[PDB]
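Q: Pasting my_file_9.cif below, which is mmCIF, C-alpha atoms.
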```cif
data_coords
#
loop_
_atom_site.group_PDB
_atom_site.id
_atom_site.type_symbol
_atom_site.label_atom_id
_atom_site.label_comp_id
_atom_site.auth_asym_id
_atom_site.auth_seq_id
_atom_site.Cartn_x
_atom_site.Cartn_y
_atom_site.Cartn_z
ATOM 1 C CA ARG A 1 -9.650 83.411 -14.110
ATOM 2 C CA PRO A 2 -10.004 81.222 -11.055
ATOM 3 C CA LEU A 3 -8.276 82.115 -7.822
ATOM 4 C CA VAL A 4 -6.645 79.670 -5.458
ATOM 5 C CA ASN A 5 -6.273 80.665 -1.834
ATOM 6 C CA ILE A 6 -3.368 79.079 -0.013
ATOM 7 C CA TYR A 7 -2.863 79.701 3.687
ATOM 8 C CA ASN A 8 -0.530 77.163 5.274
ATOM 9 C CA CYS A 9 1.866 75.258 3.082
ATOM 10 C CA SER A 10 5.518 74.268 2.973
ATOM 11 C CA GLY A 11 5.811 76.133 -0.281
ATOM 12 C CA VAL A 12 4.026 76.804 -3.531
ATOM 13 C CA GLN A 13 5.421 75.687 -6.853
ATOM 14 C CA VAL A 14 3.907 76.717 -10.153
ATOM 15 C CA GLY A 15 5.156 75.487 -13.510
ATOM 16 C CA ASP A 16 7.228 72.636 -12.168
ATOM 17 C CA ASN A 17 8.864 70.974 -15.152
ATOM 18 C CA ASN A 18 10.937 68.939 -12.726
ATOM 19 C CA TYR A 19 9.948 66.940 -9.681
ATOM 20 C CA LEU A 20 10.362 67.292 -5.953
ATOM 21 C CA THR A 21 9.473 64.769 -3.289
ATOM 22 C CA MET A 22 7.608 66.065 -0.275
ATOM 23 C CA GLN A 23 7.073 64.443 3.089
ATOM 24 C CA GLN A 24 4.921 65.545 5.978
ATOM 25 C CA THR A 25 4.454 63.972 9.383
ATOM 26 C CA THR A 26 1.545 64.926 11.595
ATOM 27 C CA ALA A 27 1.536 63.930 15.222
ATOM 28 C CA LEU A 28 -0.299 65.166 18.272
ATOM 29 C CA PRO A 29 0.620 64.982 21.914
ATOM 30 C CA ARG B 1 -15.207 80.873 -12.198
ATOM 31 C CA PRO B 2 -14.666 78.374 -9.423
ATOM 32 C CA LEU B 3 -12.659 79.187 -6.331
ATOM 33 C CA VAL B 4 -10.375 76.767 -4.546
ATOM 34 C CA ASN B 5 -9.693 77.257 -0.861
ATOM 35 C CA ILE B 6 -6.729 75.416 0.592
ATOM 36 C CA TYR B 7 -6.120 75.820 4.303
ATOM 37 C CA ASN B 8 -3.598 73.208 5.394
ATOM 38 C CA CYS B 9 -1.504 71.265 2.943
ATOM 39 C CA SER B 10 2.041 70.011 2.522
ATOM 40 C CA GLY B 11 2.349 72.107 -0.587
ATOM 41 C CA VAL B 12 0.430 73.282 -3.605
ATOM 42 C CA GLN B 13 1.393 72.317 -7.119
ATOM 43 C CA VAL B 14 -0.155 74.089 -10.070
ATOM 44 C CA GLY B 15 0.749 73.223 -13.640
ATOM 45 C CA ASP B 16 2.510 69.948 -13.023
ATOM 46 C CA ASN B 17 4.164 68.933 -16.277
ATOM 47 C CA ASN B 18 6.064 66.134 -14.579
ATOM 48 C CA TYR B 19 5.432 63.443 -12.004
ATOM 49 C CA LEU B 20 5.028 64.413 -8.383
ATOM 50 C CA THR B 21 4.986 62.198 -5.317
ATOM 51 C CA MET B 22 3.928 63.053 -1.794
ATOM 52 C CA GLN B 23 4.007 61.067 1.414
ATOM 53 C CA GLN B 24 2.003 61.856 4.511
ATOM 54 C CA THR B 25 2.073 60.075 7.849
ATOM 55 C CA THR B 26 -0.476 60.749 10.562
ATOM 56 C CA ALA B 27 -0.009 59.371 14.042
ATOM 57 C CA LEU B 28 -2.204 59.861 17.072
ATOM 58 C CA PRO B 29 -1.518 59.203 20.716
ATOM 59 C CA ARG C 1 -19.870 77.403 -10.569
ATOM 60 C CA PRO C 2 -19.308 75.000 -7.712
ATOM 61 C CA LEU C 3 -16.960 75.756 -4.855
ATOM 62 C CA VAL C 4 -14.587 73.237 -3.346
ATOM 63 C CA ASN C 5 -13.332 73.747 0.179
ATOM 64 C CA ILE C 6 -10.284 71.783 1.244
ATOM 65 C CA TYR C 7 -9.268 71.964 4.883
ATOM 66 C CA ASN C 8 -6.676 69.269 5.515
ATOM 67 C CA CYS C 9 -4.957 67.378 2.750
ATOM 68 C CA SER C 10 -1.515 66.131 1.792
ATOM 69 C CA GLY C 11 -1.567 68.492 -1.134
ATOM 70 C CA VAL C 12 -3.759 69.903 -3.842
ATOM 71 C CA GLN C 13 -3.030 69.345 -7.495
ATOM 72 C CA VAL C 14 -4.677 71.548 -10.071
ATOM 73 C CA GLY C 15 -3.873 71.135 -13.745
ATOM 74 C CA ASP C 16 -2.157 67.778 -13.652
ATOM 75 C CA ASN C 17 -0.643 67.102 -17.061
ATOM 76 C CA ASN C 18 1.114 64.003 -15.776
ATOM 77 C CA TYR C 19 0.569 61.228 -13.265
ATOM 78 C CA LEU C 20 0.631 61.915 -9.556
ATOM 79 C CA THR C 21 0.745 59.447 -6.693
ATOM 80 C CA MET C 22 0.310 60.021 -2.987
ATOM 81 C CA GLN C 23 0.777 57.754 -0.009
ATOM 82 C CA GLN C 24 -1.057 58.275 3.244
ATOM 83 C CA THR C 25 -0.496 56.253 6.391
ATOM 84 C CA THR C 26 -2.690 56.696 9.437
ATOM 85 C CA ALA C 27 -1.818 55.114 12.744
ATOM 86 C CA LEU C 28 -4.694 55.014 15.185
ATOM 87 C CA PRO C 29 -4.292 54.530 18.893
ATOM 88 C CA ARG D 1 -24.750 74.406 -8.088
ATOM 89 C CA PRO D 2 -23.655 71.728 -5.664
ATOM 90 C CA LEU D 3 -21.041 72.387 -3.022
ATOM 91 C CA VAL D 4 -18.380 69.915 -2.001
ATOM 92 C CA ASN D 5 -16.762 70.215 1.399
ATOM 93 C CA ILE D 6 -13.648 68.181 2.050
ATOM 94 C CA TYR D 7 -12.344 68.097 5.596
ATOM 95 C CA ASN D 8 -9.730 65.361 5.781
ATOM 96 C CA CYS D 9 -8.436 63.508 2.772
ATOM 97 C CA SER D 10 -5.211 62.115 1.386
ATOM 98 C CA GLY D 11 -5.337 64.716 -1.334
ATOM 99 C CA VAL D 12 -7.620 66.441 -3.774
ATOM 100 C CA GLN D 13 -7.199 66.144 -7.509
ATOM 101 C CA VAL D 14 -8.962 68.702 -9.659
ATOM 102 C CA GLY D 15 -8.551 68.748 -13.422
ATOM 103 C CA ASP D 16 -6.840 65.431 -13.948
ATOM 104 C CA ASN D 17 -5.644 65.272 -17.544
ATOM 105 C CA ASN D 18 -3.902 62.014 -16.740
ATOM 106 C CA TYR D 19 -4.334 59.435 -13.995
ATOM 107 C CA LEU D 20 -3.750 59.682 -10.282
ATOM 108 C CA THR D 21 -3.614 56.904 -7.724
ATOM 109 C CA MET D 22 -3.481 57.056 -3.958
ATOM 110 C CA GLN D 23 -2.577 54.525 -1.316
ATOM 111 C CA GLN D 24 -4.175 54.729 2.095
ATOM 112 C CA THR D 25 -3.021 52.520 4.936
ATOM 113 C CA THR D 26 -4.789 52.425 8.275
ATOM 114 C CA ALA D 27 -3.053 50.726 11.162
ATOM 115 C CA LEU D 28 -4.728 49.694 14.382
ATOM 116 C CA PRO D 29 -3.109 48.549 17.584
ATOM 117 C CA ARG E 1 -29.009 70.813 -5.580
ATOM 118 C CA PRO E 2 -27.468 68.144 -3.402
ATOM 119 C CA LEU E 3 -24.624 68.870 -1.028
ATOM 120 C CA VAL E 4 -21.710 66.518 -0.557
ATOM 121 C CA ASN E 5 -19.795 66.601 2.693
ATOM 122 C CA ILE E 6 -16.728 64.433 3.015
ATOM 123 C CA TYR E 7 -15.214 64.172 6.462
ATOM 124 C CA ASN E 8 -12.703 61.381 6.014
ATOM 125 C CA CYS E 9 -11.947 59.599 2.778
ATOM 126 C CA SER E 10 -9.185 57.926 0.819
ATOM 127 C CA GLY E 11 -9.128 60.873 -1.542
ATOM 128 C CA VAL E 12 -11.308 63.139 -3.624
ATOM 129 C CA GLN E 13 -11.334 63.149 -7.403
ATOM 130 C CA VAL E 14 -13.052 65.970 -9.233
ATOM 131 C CA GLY E 15 -12.967 66.199 -13.008
ATOM 132 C CA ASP E 16 -11.825 62.699 -13.843
ATOM 133 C CA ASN E 17 -11.010 62.794 -17.541
ATOM 134 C CA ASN E 18 -9.449 59.336 -17.458
ATOM 135 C CA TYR E 19 -9.470 56.860 -14.605
ATOM 136 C CA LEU E 20 -8.565 56.754 -10.950
ATOM 137 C CA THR E 21 -7.797 53.799 -8.733
ATOM 138 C CA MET E 22 -7.054 53.747 -5.036
ATOM 139 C CA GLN E 23 -5.764 51.119 -2.671
ATOM 140 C CA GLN E 24 -6.980 50.958 0.892
ATOM 141 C CA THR E 25 -5.450 48.641 3.451
ATOM 142 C CA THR E 26 -6.773 48.320 6.974
ATOM 143 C CA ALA E 27 -4.842 46.372 9.556
ATOM 144 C CA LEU E 28 -6.992 44.653 12.135
ATOM 145 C CA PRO E 29 -5.839 44.122 15.676
#
```
Show how you would write the structure in this file as structure tokens.

A:
Amino acid sequence: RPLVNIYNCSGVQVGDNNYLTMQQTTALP
Amino acid sequence: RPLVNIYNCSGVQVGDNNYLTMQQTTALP
Amino acid sequence: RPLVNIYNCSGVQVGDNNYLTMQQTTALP
Amino acid sequence: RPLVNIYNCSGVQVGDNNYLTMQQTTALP
Amino acid sequence: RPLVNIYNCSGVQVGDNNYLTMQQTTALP
């Protein structure tokens, strides 16, 4: 089976039969 | 089998049986 | 098999059994 | 086999059993 | 085999078993 490497993330969801909105803002100084 | 490398992401969704929405805003100075 | 490297992204969807939409806004200086 | 390197992107869709759309907006000053 | 390097793009679609559309809007100064 294939492997998925995840390093930085807000969270990991597997088997989501529902829904969840996600927002991310990236800004630099 | 293929390998997937994810470094930076808002989140990782595997096995999405529903709709999923994501918003991302990038701003630079 | 081919390898896919993802560095920066809003999110990664693997095994999408439904529709998925993403919005990305980039503000340049 | 070919290799695909993705640095910056709105998102990456692998294994789309449905349809996926993305909106990208670039603003300039 | 050819190599594909994507630095910046609207999105990346791999394994399109249906259709994919994207909207790109660029605001000019």

Q: What is the distance between atom CA of residue B:23 and atom CA of residue A:12, in Å to one decimal?

A: 16.5 Å

Q: With chain E as the partner and 10 Å as the cut-off, tabulate the residues of chain C that qualify, each row holding the nearest pair of atoms and their distance in Å to one decimal, using only C-alpha atoms, sorted by chain and rising number, as a Markdown table.

A:
```
| residue | atom | partner | partner_atom | distance |
| --- | --- | --- | --- | --- |
| C:4 | CA | E:14 | CA | 9.5 |
| C:5 | CA | E:5 | CA | 10.0 |
| C:6 | CA | E:6 | CA | 9.9 |
| C:7 | CA | E:7 | CA | 9.9 |
| C:8 | CA | E:8 | CA | 9.9 |
| C:9 | CA | E:11 | CA | 8.8 |
| C:10 | CA | E:11 | CA | 9.8 |
| C:21 | CA | E:22 | CA | 9.8 |
| C:22 | CA | E:11 | CA | 9.6 |
| C:23 | CA | E:23 | CA | 9.7 |
| C:24 | CA | E:10 | CA | 8.5 |
| C:25 | CA | E:25 | CA | 9.5 |
| C:26 | CA | E:26 | CA | 9.6 |
| C:27 | CA | E:27 | CA | 9.8 |
```

Q: Suppose we keep C-alpha atoms; can you now write the selection as a PDB file, in the coordinates of the input?

A:
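Result went into result_39.pdb, see below:
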```pdb
ATOM      1  CA  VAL C   4     -14.587  73.237  -3.346  1.00  0.00           C
ATOM      2  CA  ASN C   5     -13.332  73.747   0.179  1.00  0.00           C
ATOM      3  CA  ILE C   6     -10.284  71.783   1.244  1.00  0.00           C
ATOM      4  CA  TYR C   7      -9.268  71.964   4.883  1.00  0.00           C
ATOM      5  CA  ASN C   8      -6.676  69.269   5.515  1.00  0.00           C
ATOM      6  CA  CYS C   9      -4.957  67.378   2.750  1.00  0.00           C
ATOM      7  CA  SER C  10      -1.515  66.131   1.792  1.00  0.00           C
ATOM      8  CA  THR C  21       0.745  59.447  -6.693  1.00  0.00           C
ATOM      9  CA  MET C  22       0.310  60.021  -2.987  1.00  0.00           C
ATOM     10  CA  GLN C  23       0.777  57.754  -0.009  1.00  0.00           C
ATOM     11  CA  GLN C  24      -1.057  58.275   3.244  1.00  0.00           C
ATOM     12  CA  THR C  25      -0.496  56.253   6.391  1.00  0.00           C
ATOM     13  CA  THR C  26      -2.690  56.696   9.437  1.00  0.00           C
ATOM     14  CA  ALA C  27      -1.818  55.114  12.744  1.00  0.00           C
TER      15      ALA C  27
END
```

Q: Axis-aligned box over every listed atom of stretch 3-19 of chain D, padded by 5 Å per side: centre and edges in Å to one decimal, as JSON?

A:
```
{"center_x": -12.5, "center_y": 65.9, "center_z": -5.9, "size_x": 27.1, "size_y": 23.0, "size_z": 33.3}
```
